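Only one chain is included here, represented as structure tokens and corresponding to the form deposited in one PDB entry.
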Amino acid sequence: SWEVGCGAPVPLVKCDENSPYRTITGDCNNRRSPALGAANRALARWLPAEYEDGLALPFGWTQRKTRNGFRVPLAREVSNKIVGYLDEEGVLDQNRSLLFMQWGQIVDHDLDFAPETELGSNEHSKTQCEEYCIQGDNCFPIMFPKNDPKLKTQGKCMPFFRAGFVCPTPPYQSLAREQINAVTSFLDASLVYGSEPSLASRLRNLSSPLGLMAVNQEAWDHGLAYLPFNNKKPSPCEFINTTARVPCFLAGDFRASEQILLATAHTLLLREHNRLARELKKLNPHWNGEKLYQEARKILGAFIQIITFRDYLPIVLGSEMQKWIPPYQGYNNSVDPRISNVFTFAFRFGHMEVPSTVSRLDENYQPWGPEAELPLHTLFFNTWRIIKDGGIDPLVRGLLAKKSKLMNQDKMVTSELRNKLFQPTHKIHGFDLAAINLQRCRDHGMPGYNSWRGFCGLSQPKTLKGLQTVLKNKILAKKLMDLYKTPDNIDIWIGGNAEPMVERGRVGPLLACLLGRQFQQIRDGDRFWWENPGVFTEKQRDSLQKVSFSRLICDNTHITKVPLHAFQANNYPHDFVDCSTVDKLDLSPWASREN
């Protein structure tokens, strides 16, 4: 008995039923329900939202209100007591390149984004939250526990604003609050091309009829392109260094400059689009701009799908991979391709894979300069270190030769993210990504850990001893129980990441189930999946089967020494080979001999 449904923020729908290309908004993928998987729609609810008032107030919002009879702990206290650690030694993943962490942030951004509510244009609402730490409406500040060092240097709280929700923006009252997903749910390279028509056009180079994506006209990388700058001010990339005054990049996705390796990944993707656009002109000089843009986009989207499903997921899900993501059988229109709310938290497992430093390496894969290695926090919203300090080639070698952090029950999230995160508009490198993850679980009305264990057909621990056995860790189970008196109350982000990893994977059972199911739906419910009969010719598919992340690098940098398997831990020069020994993406099958 759940209604026809609301959908006020989203406009009209008009589908061309013969189109060979995806829309920018994601609309029209599914023919029966053309809005499914479309951006700017509510995230799916795999389980009913759980709010303190059953409708919109997050747990923890009210002092006197218990969750199952107990107060929920402060997000920052959980972070300090369970998520933090001092010693970075021995914390690295002996078998995952830094590219593994990076590819995950990429895929993530291609799939979801629940932006903060916009109630700050010419408004002190945002200023007041920060300045006076007064909880109200969309201001839900993360307060400090009594013995927190930040209380001495940063004030009473870390500001936090509730995610935006569908239908109204001034309070509604009938059904549970549902947060928005601002990007397309399909793995379609929307992080490169955008999810709104407005932005999609602006990213394009219409000036010329070659199907190209716009490039920076102010800077170049030894002749190779850079993303254009986003000239919206205030710019956080300018803020972090007023001297260099280099602004953030403009990409298909809004968070592209959050950290230098992400920006780096976006640059590689753009170059790939243009290189494909140029190669297609040569094979089909008759094709117009639109035709070239779309066919290049199509090839790039398939690239991200293949790298993700064939290379990335197997080493994330490990032994659970075949269970949740059995080999492909074809497009199924009954499958819901929408990203679920819980998935946006399950995928945050990547936060425990980010290490404390980033390196620049030269062509011999040795330190590039006197400060080749830098602390991660000095790289948030840092674009000048790319434009004014070596370009992306050096950072990409670091991605290949350096390691990801390994999840560790005693060393979860690096202090660079847990104590030194920078957030636009605020002024300091003093935030905590972990605390924020937890406040956001509550903000989104996330059911607790046992609800999800149950959802996955896994036991549901009720006692310390049960939790110990599930976590296989006495001390961590003890701290969790002391913080949350019952496993029923454990926030999903933290409970899901506390479980030991499954054989050959990098996430526990619960998370493998949640991630596994979502990715299975993402593939099975995509009318444009690269392997779906009809989307690509069969000869074109034989050419796509050859793509690799190594080749993307060779084709789009001046790097000529790459590993064959980019995600595993690789050491130079042993595990490295010359680009010639690597499969190329042969584009002949795209020659349209139409005569």
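Between two forms, the rigid core is the largest collection of C-alphas that superpose within 1.5 Å. Each residue number is its position in the shown sequence, starting from 1. Residues that one form lacks are left out of the comparison.
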Query raised in the report: Averaged over C-alpha atoms, is the B-factor higher for 192-200 or for 226-234 in this PDB entry?
Result: 226-234
Query raised in the report: What stretch has the higher average Cα B-factor here, 249-257 or 203-211?
Result: 203-211
Report summary line: One of 106, 129, 270, 522 has the largest Cα B-factor in the entry, namely 129
Query raised in the report: Out of 285, 508, 375, 314, which residue has the highest Cα temperature factor in the PDB record?
Result: 285
Query raised in the report: With respect to C-alpha B-factor, does residue 422 fall in the lowest, middle or highest third of the chain as deposited?
Result: lowest
Query raised in the report: Should residue 526 be placed in the lowest, middle or highest third of its chain by the C-alpha B factor in the entry?
Result: lowest
Query - residue 491 by Cα B-factor - lowest, middle or highest third of the modelled chain - result: lowest
Requested in this report: Just say lowest, middle or highest third for the CA B-factor of residue 349 relative to the other modelled residues in its chain.
Outcome: lowest
Query raised in the report: C-alpha B factor of residue 77, ranked within the chain: lowest, middle or highest third?
Result: lowest
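Missing here is the form deposited in another entry; even so, the following discussion is about that form.
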Query raised in the report: So which one of 500, 171, 197, 136 actually moves, Cα shift of 2 Å or more between this form and the one not shown once the core is superposed?
Result: 171
Report task. Could you point out the stretches of 3 or more consecutive residues whose C-alpha atoms all move by 2 Å or more between this form and the one not shown when the rigid core is superposed? Result -> 11-13, 170-174
